[PDB]
């Protein structure tokens, strides 16, 4: 009934960044039993919102070749901070099977 669809999303940073926040990581789980990195908020007017594709609850899988599989929150954050203007996100979207 539930699955994941993997999508590639390219964002261009605005002056206020990509326009989203994250939670999760090994030792700082967003969801019980699950170490993945999740999008927790999408800022109105921000790059991610305007682009239209990223959604709250989506899993961040990779950023510019850097894996976010089984990373700490701090490793994730450093990856997100390390970015310049153009950012390629590999995203896992929760999906319902009909």
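Residue numbers count along the first chain shown, from 1.
Ranked by Cα temperature factor within the chain, residue 28 sits in the highest third according to the deposited record. The deposited CA B-factor of residue 86 belongs to the lowest third of values across its chain. Sort the modelled residues of the chain by CA B factor and residue 4 lands in the highest third. Per the PDB record, residue ranking by Cα B-factor puts residue 65 in the lowest third of the chain. Remark: residue 57 belongs to the middle third of its chain, ranked by C-alpha B-factor as recorded.
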